[PDB]
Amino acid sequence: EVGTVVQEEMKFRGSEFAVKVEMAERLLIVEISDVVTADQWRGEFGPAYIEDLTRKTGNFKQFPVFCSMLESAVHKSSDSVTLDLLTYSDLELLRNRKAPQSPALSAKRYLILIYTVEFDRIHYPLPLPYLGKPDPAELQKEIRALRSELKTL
């Protein structure tokens, strides 16, 4: 963690997404992009949110460890952690079958950090709001910036 940014492409249920995790001073940022449809979700989580979230699972983690787990899962560099991406409808079925949708919730995606060790099987859910498609202006506005820095060197 400590200022670092990890971004990788990965396929969730037969679709390429761009995933960007960024650990900053007392804030974790997750950003996902549908690379085919350019749809986007983003989440911001504080150390309190995160730690209190893991406590709910009975399997606590401290904020830096969690971010480190997440980094590891994005990097696919650790067999004990894995990701998944779900919709609220999907999310209920895997907990409702175990035993009414607003605009913001309906488009929401849940990034599920999945922790598997010899005696625990834990799912840590990170809720990501639908952020819309981006503005093709600003993308171009921004591409015109990168083009010049590239030519500078």
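Counting begins at 1, following the sequence as shown.
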Handout entry: Between neighbours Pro100 and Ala99, residues that the deposited sequence lists but the model omits
Key = 4 to 9
Handout entry: Selected stretch [higher average CA B-factor]: 90 to 98 or 31 to 39
Key = 90 to 98
Exercise for the section: Report the stretch with the higher mean CA temperature factor, choosing between 11 to 19 and 138 to 146 on the basis of the entry. Expected result: 138 to 146
Fill in the blank from the handout: The largest CA temperature factor among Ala48, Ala104, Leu70, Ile122 is found at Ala104
Fill in the blank from the handout: Binned into thirds over the chain's modelled residues, the C-alpha B-factor of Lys108 lands in the middle
